[PDB]
Amino acid sequence: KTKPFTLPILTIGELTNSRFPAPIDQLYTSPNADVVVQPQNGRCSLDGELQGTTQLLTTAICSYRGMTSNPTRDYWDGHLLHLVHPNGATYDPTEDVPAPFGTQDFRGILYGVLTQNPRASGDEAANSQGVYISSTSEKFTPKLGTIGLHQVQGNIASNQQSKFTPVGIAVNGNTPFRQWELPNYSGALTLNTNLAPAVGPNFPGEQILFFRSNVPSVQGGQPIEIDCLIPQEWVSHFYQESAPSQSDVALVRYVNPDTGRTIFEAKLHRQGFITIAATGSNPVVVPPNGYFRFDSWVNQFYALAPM
Amino acid sequence: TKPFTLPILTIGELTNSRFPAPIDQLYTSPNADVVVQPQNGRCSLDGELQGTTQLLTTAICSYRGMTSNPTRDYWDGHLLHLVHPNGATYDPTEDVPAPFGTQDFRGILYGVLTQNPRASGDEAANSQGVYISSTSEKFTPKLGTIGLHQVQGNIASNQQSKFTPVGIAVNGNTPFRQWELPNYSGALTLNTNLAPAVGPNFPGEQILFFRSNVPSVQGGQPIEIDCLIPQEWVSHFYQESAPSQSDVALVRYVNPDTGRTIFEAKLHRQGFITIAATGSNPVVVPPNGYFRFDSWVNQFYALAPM
């Protein structure tokens, strides 16, 4: 008995980004000529193998948990956070992982709120500090078990069990948001380890199709766009189903149930990403009620209908 | 007939459906004299969502819309004119208690409001800490508006805004009451379209909850939020839509390595679990275990005691 492969039935307004906790807003395609596309969150094979720093919960993506240090006396990261995995499991740096699960996989400033010991303090927001976690910081060393926290609203308490809840991205004069550049998980000038592989098209006329979110920008005017290979719900679905991949390429179609007609077709690669026959950098427009659907296994030679 | 199933997810692989946080514990209580009628995390076993329940973790206790002009109110300095979290237009005539994901407790929800992106040398320029009290007279989400009380930074008027939840606050006059519903239209108007109240209706049984210890941002006590089924079960039932064969699915919490059943429970068609137990306490489970569907049983099926 061979279990058939399937996608969940979810419209674009029913999908979550697997690289930042936000709904999908757009589908987007680009040749990405001058970058290497190698995200570490939102990585799952079609047969259900999680890779990189990928885990199952939306709440763990770009989240951190652990114990704060004593003050560092550093100009930027006034405290460190000694990490456990988001599920609370002890983190062993010798694990065959790039970093704890859910660690941010871009170079940029992640903004969110650190919460620590409940306080009898009579102040509003007493136990909620706004913090910047820059993955260009010299103290961003999650592979080693520690990251730097730069407080921006309130004061971080030393030596307390703490949770970081992500909210958005900040950009400053020396820290552009670079979604396709990985952090150096062990610190400046070190080599990343245990990475999910880079992805790209391998058929003439094809480009990757991404699930895109415009996430909150808390400093700077540039809209912050984060592209994932598959949405978090697909990670969860493939993990659950673990259907055997019967070829290297699944043919999927985007259907409009209002008309019963498909809008476009695409290849969903066994590695866990989508390509389409398209050129240029632009959104791919879909009807709000439409959804992706698995139609059949095909092979590397299947020529897609162009968009 | 399509077989009913539960997803294979351990306790550390589950999300609270009433607040965006991982499940920390299973927990049981008699909840004496208290009506348990949450509106998030509500889904029947054949995949019908109820109350304000929707599918995304990111929409739970989140809000989206346009801020008003300054109100000059003592507490809610701005209103937020709501759409649903997915951006779909909301209107009060929808057959829902309130926009999807609206908080379903009486208390202060703390989080961050983000608005128009703008170039600035100021850190956190476009991220304001805000309290959304569901006990406020301005908390009328069924009518399309809620009140925002700023606590960190200044809210901008007339801007498209998103609220990202972070935790719960207890201030001088707002105890947290997880089982008391907002008056979604204000106290003078009845709530509508509610997912039904749940309870054991069986001597010696209690509800088993999926519990999260969520961030407590003001007040010295920890805050616990209990849901009837985790968000992943809502998602699973919605997709599968397996027809129910009775009112009660017998389920067993199993350890897949030892092969042992830890306990059995009744998963009710309405979308909640009961166990044969008395008292208020955690229900301890192996970290590698999970509920497994056993069989559909009679609506009056009796359980082995915990």
# chains A, B, ... in the order shown; residues from 1 in each chain; ligands from 1

$ interface_residues --of "chain A" --to "chain B" --cutoff "6 Å" --atoms "only C-alpha atoms" --output "MDAnalysis selection string"
chainID A and resid 13 87 118:120 125:128 217:221

$ select_by_dssp --residues "segment 175-234 of chain B" --states "strand (DSSP E)" --output "ChimeraX atom specification"
/B:205-214,216-218,223-227

$ residues_around --residues "residue 100 of chain B" --least-positions-apart "2" --cutoff "8 Å" --atoms "only C-alpha atoms" --output "list in words"
residues 52, 53, 54, 59, 60, 84, 85, 96, 98 and 102 of chain B

$ residues_around --residues "residue 199 of chain A" --least-positions-apart "3" --cutoff "12 Å" --atoms "only C-alpha atoms" --output "mmCIF file with N, CA, C and O atoms, in the first residue's frame"
data_model
loop_
_atom_site.group_PDB
_atom_site.id
_atom_site.type_symbol
_atom_site.label_atom_id
_atom_site.label_comp_id
_atom_site.auth_asym_id
_atom_site.auth_seq_id
_atom_site.Cartn_x
_atom_site.Cartn_y
_atom_site.Cartn_z
ATOM 1 N N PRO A 31 14.499 35.606 -10.876
ATOM 2 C CA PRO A 31 15.675 34.800 -11.212
ATOM 3 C C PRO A 31 16.700 34.775 -10.071
ATOM 4 O O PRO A 31 17.504 33.850 -10.021
ATOM 5 N N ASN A 32 16.669 35.763 -9.175
ATOM 6 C CA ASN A 32 17.662 35.864 -8.099
ATOM 7 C C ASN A 32 19.081 35.610 -8.614
ATOM 8 O O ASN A 32 19.839 34.826 -8.041
ATOM 9 N N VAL A 35 22.317 36.068 -6.043
ATOM 10 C CA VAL A 35 22.301 35.534 -4.687
ATOM 11 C C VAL A 35 22.273 34.007 -4.703
ATOM 12 O O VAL A 35 21.936 33.390 -5.710
ATOM 13 N N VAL A 36 22.656 33.410 -3.581
ATOM 14 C CA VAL A 36 22.466 31.987 -3.347
ATOM 15 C C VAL A 36 21.261 31.826 -2.418
ATOM 16 O O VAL A 36 21.228 32.401 -1.326
ATOM 17 N N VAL A 37 20.267 31.063 -2.867
ATOM 18 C CA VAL A 37 19.032 30.847 -2.114
ATOM 19 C C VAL A 37 19.181 29.593 -1.267
ATOM 20 O O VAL A 37 19.103 28.466 -1.767
ATOM 21 N N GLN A 38 19.406 29.798 0.026
ATOM 22 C CA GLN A 38 19.703 28.689 0.918
ATOM 23 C C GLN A 38 19.101 28.918 2.312
ATOM 24 O O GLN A 38 19.798 28.848 3.319
ATOM 25 N N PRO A 39 17.786 29.184 2.373
ATOM 26 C CA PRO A 39 17.170 29.387 3.686
ATOM 27 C C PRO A 39 17.250 28.120 4.535
ATOM 28 O O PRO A 39 17.338 26.998 4.013
ATOM 29 N N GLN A 40 17.221 28.311 5.850
ATOM 30 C CA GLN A 40 17.312 27.199 6.794
ATOM 31 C C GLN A 40 16.007 26.904 7.534
ATOM 32 O O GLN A 40 15.820 25.791 8.036
ATOM 33 N N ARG A 43 12.287 24.362 5.548
ATOM 34 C CA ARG A 43 12.961 23.335 4.750
ATOM 35 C C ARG A 43 12.451 21.956 5.154
ATOM 36 O O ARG A 43 12.676 21.485 6.270
ATOM 37 N N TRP A 180 18.606 36.598 1.819
ATOM 38 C CA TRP A 180 19.285 35.447 1.219
ATOM 39 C C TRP A 180 20.735 35.331 1.678
ATOM 40 O O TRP A 180 21.494 34.518 1.162
ATOM 41 N N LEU A 195 23.984 22.620 6.957
ATOM 42 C CA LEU A 195 22.986 23.403 6.241
ATOM 43 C C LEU A 195 22.112 22.582 5.303
ATOM 44 O O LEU A 195 22.589 21.668 4.626
ATOM 45 N N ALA A 196 20.830 22.930 5.245
ATOM 46 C CA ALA A 196 19.990 22.513 4.130
ATOM 47 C C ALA A 196 20.607 23.113 2.858
ATOM 48 O O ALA A 196 21.118 24.233 2.888
ATOM 49 N N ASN A 202 16.534 23.954 -12.514
ATOM 50 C CA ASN A 202 17.437 23.155 -13.335
ATOM 51 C C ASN A 202 16.755 22.718 -14.629
ATOM 52 O O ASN A 202 16.921 21.592 -15.091
ATOM 53 N N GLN A 207 12.008 29.462 -13.002
ATOM 54 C CA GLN A 207 12.410 30.242 -11.839
ATOM 55 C C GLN A 207 11.718 29.666 -10.621
ATOM 56 O O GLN A 207 10.669 29.031 -10.740
ATOM 57 N N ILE A 208 12.288 29.897 -9.446
ATOM 58 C CA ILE A 208 11.604 29.521 -8.224
ATOM 59 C C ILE A 208 10.381 30.419 -8.030
ATOM 60 O O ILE A 208 10.409 31.609 -8.352
ATOM 61 N N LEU A 209 9.303 29.817 -7.530
ATOM 62 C CA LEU A 209 8.134 30.544 -7.042
ATOM 63 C C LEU A 209 8.139 30.494 -5.522
ATOM 64 O O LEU A 209 8.221 29.413 -4.940
ATOM 65 N N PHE A 210 8.051 31.665 -4.895
ATOM 66 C CA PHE A 210 8.131 31.803 -3.445
ATOM 67 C C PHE A 210 6.790 32.194 -2.855
ATOM 68 O O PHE A 210 5.963 32.809 -3.525
ATOM 69 N N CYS A 228 9.532 32.423 1.438
ATOM 70 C CA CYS A 228 9.818 31.052 1.860
ATOM 71 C C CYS A 228 9.560 30.063 0.726
ATOM 72 O O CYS A 228 8.820 30.354 -0.221
ATOM 73 N N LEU A 229 10.193 28.899 0.821
ATOM 74 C CA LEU A 229 10.099 27.905 -0.247
ATOM 75 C C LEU A 229 8.752 27.178 -0.242
ATOM 76 O O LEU A 229 8.174 26.896 -1.299
ATOM 77 N N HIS A 269 9.384 20.300 -6.362
ATOM 78 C CA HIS A 269 10.543 19.426 -6.316
ATOM 79 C C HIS A 269 10.615 18.643 -5.010
ATOM 80 O O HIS A 269 10.240 19.155 -3.956
ATOM 81 N N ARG A 270 11.115 17.413 -5.084
ATOM 82 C CA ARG A 270 11.216 16.535 -3.919
ATOM 83 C C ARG A 270 11.949 17.215 -2.761
ATOM 84 O O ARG A 270 11.654 16.967 -1.592
ATOM 85 N N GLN A 271 12.900 18.074 -3.108
ATOM 86 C CA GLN A 271 13.699 18.802 -2.126
ATOM 87 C C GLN A 271 12.871 19.794 -1.301
ATOM 88 O O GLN A 271 13.302 20.219 -0.242
ATOM 89 N N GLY A 272 11.689 20.166 -1.793
ATOM 90 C CA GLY A 272 10.779 21.047 -1.075
ATOM 91 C C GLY A 272 10.775 22.494 -1.543
ATOM 92 O O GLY A 272 10.848 23.420 -0.729
ATOM 93 N N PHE A 273 10.675 22.705 -2.848
ATOM 94 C CA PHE A 273 10.526 24.049 -3.386
ATOM 95 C C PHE A 273 9.858 23.952 -4.747
ATOM 96 O O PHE A 273 9.783 22.864 -5.322
ATOM 97 N N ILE A 274 9.373 25.087 -5.240
ATOM 98 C CA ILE A 274 8.552 25.140 -6.442
ATOM 99 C C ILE A 274 9.258 25.915 -7.547
ATOM 100 O O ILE A 274 9.867 26.950 -7.285
ATOM 101 N N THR A 275 9.171 25.420 -8.780
ATOM 102 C CA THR A 275 9.576 26.216 -9.928
ATOM 103 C C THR A 275 8.421 26.356 -10.912
ATOM 104 O O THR A 275 7.519 25.504 -10.983
#

$ closest_residue --among "B:92, B:186, B:3, B:101" --to "residue 138 of chain B" --atoms "only C-alpha atoms"
B:186

$ residues_around --residues "segment 164-172 of chain A" --least-positions-apart "4" --cutoff "6 Å" --atoms "only C-alpha atoms" --output "list in words"
residues 63, 64, 109, 110, 111, 112, 113, 114, 176, 216, 217, 218, 219 and 220 of chain A

$ closest_residue --among "A:106, A:76, A:238, A:203" --to "residue 56 of chain A" --atoms "only C-alpha atoms"
A:238

$ select_by_dssp --residues "segment 38-196 of chain A" --states "helix (DSSP H, G or I)" --output "list in words"
residues 58, 59, 60, 142, 143 and 144 of chain A

$ write_last_selection --atoms "C-alpha atoms" --output "PDB file, in the first residue's frame"
ATOM      1  CA  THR A  58       4.772  28.805  13.961  1.00  0.00           C
ATOM      2  CA  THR A  59       5.512  30.214  17.446  1.00  0.00           C
ATOM      3  CA  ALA A  60       9.095  28.942  17.350  1.00  0.00           C
ATOM      4  CA  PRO A 142      23.548  30.675  18.232  1.00  0.00           C
ATOM      5  CA  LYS A 143      25.506  27.589  17.094  1.00  0.00           C
ATOM      6  CA  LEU A 144      27.638  28.130  20.213  1.00  0.00           C
TER       7      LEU A 144
END
